[PDB]
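Here you get one chain, nothing else, as structure tokens; it is the form deposited in one PDB entry.
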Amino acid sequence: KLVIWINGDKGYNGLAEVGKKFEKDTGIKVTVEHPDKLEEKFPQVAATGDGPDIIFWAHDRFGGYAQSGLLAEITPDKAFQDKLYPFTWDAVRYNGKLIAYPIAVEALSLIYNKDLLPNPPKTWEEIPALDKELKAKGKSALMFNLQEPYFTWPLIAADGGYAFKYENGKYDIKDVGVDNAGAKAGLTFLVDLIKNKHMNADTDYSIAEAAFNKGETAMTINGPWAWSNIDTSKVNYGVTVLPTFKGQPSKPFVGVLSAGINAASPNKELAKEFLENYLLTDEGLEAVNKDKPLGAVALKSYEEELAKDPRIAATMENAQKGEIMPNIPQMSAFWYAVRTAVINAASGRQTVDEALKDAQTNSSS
């Protein structure tokens, strides 16, 4: 009776273990699913009053579901809210109402093979040279998901790109920073790495992951969820600050994996009890984190154990160098516009200037 959607890159088996712990106490079975594009499927099935009871995604998507009336306002009392970091409640704050439970805070870091690269580059600019050392050996410096703007954004933003100008605890949807000087420098650098054969326009999550995990590439760009598979692989890896660009620190967009309750769910009390009293506990999170690391968890008591982990220290350091995603409805437009921008600039279909121009138009209008 309890159906959960969570993306395929997350700890869905650990989450089902927490769902067994629930069935044990309530008699209610939990069905964890990981459909493709589920963030895209949700507004379509919830808009007809359909979908899962609970949906897990980064908080960025949630402003849009909320103002469309697809998410239940959640009702944690103040004692429960005191359990979690204040900024993680900020992330799910839409129009002044809490619209999801925050689970974990995610930032991309640089992941490097210590065997091939004992001292990883401090800069983007030294990557070309390193690539030339590695190639001679049949290996490459760096492979990461080029298809999703999330992975390329840290670089576009370094020298001054931004999504929506942040004013007073607010956001201006007419002021988009996707087509400024810093955005152009950033995307030009990425396009120049592809042009000079240091990376390939067609590299995706799976391709990049298999290459790093097999030891074919010295580095990758990835988040906490990815470290379990690296642990299984026998690559000896470090988790560090992203390269700087033009002497500036890469600025990843920071996501707070969050759990929304479908407004059409006839099981809202069950969903509440599951999220508060099973998932968001030291035991629940550890069942999930054990499956695929979550990053810096929202739950203070569990985060203090995780915080000592140097991979977590470097995750939080990249997070502090980047920006919390907006949750406003306009984010999916912003993301679709930067997706096409980067794809088209990588492939040659548009120059950097004309790609970022059209993204600016599509992000803001």
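Position 1 is the first residue in the sequence shown; the rest follow in order. Definition used throughout: the rigid core is the maximal C-alpha set that superposes within 1.5 Å between two forms. Only residues modelled in both forms are compared.
A.B. asks: Per the PDB record, is the mean Cα temperature factor higher over 161-169 or over 67-75?
C.D. replies: Comparing 67-75 with 161-169, the higher average CA B-factor belongs to 161-169.
A.B. asks: Quick check: 256-264 versus 89-97, which has the larger average CA B-factor in the record?
C.D. replies: According to the entry, 89-97 carries the higher average C-alpha B-factor.
A.B. asks: In this PDB entry, which of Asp175, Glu209, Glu276, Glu216 has the top CA B-factor?
C.D. replies: Among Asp175, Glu209, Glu276, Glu216, the highest C-alpha B-factor in the entry belongs to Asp175.
A.B. asks: Of the three thirds of its chain by CA temperature factor, lowest, middle or highest, which one includes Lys137?
C.D. replies: Top third by C-alpha B-factor.
A.B. asks: Going by the CA temperature factor in the PDB record, which third of the chain does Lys24 belong to: lowest, middle or highest?
C.D. replies: Highest third - that is where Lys24 ends up once the chain's C-alpha B-factors are sorted.
A.B. asks: Please place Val45 in the lowest, middle or highest third of its chain by C-alpha B factor as given in the entry.
C.D. replies: Within its chain, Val45 is a highest-third residue by C-alpha B-factor, going by the deposited values.
A.B. asks: Ranked by Cα temperature factor within the chain, is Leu2 in the lowest third, the middle third or the highest third?
C.D. replies: According to the entry, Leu2 has a C-alpha B-factor in the chain's highest third.
A.B. asks: Can you tell me whether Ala319 has a C-alpha B-factor in the lowest, middle or highest third compared with the other modelled residues of the same chain?
C.D. replies: It belongs to the middle third of the chain when residues are ordered by C-alpha B-factor.
One more form of this protein should be noted, the form deposited in another entry, which is absent from this view; the next part is about it.
A.B. asks: Comparing between the shown form and the other one on the rigid core: C-alpha of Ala16 shifted by 2 Å or more?
C.D. replies: Yes, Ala16 moves 2 Å or more.
A.B. asks: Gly64: CA shift of at least 2 Å between the shown form and the other one after core fit?
C.D. replies: After core superposition, the displacement of the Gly64 C-alpha between the shown form and the other one reaches the 2 Å mark, so yes.
A.B. asks: Would one find the Cα atoms of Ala346 and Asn7 closer or farther in the other entry than in this form, where their distance changes by 3 Å or more?
C.D. replies: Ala346 and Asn7 sit farther apart in the other entry.
A.B. asks: Taking the cut-off of 3 Å or more as given, in which direction does the distance between the C-alpha atoms of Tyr101 and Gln320 change in the other entry, closer or farther?
C.D. replies: Relative to the displayed form, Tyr101 and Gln320 draw closer in the other entry - a change of at least 3 Å between their C-alphas.
A.B. asks: What runs of three or more residues stand out between the shown form and the other one, with each Cα shifted 2 Å or more once the rigid core is matched?
C.D. replies: After superposition, residues 1-105, 256-308 shift as runs.
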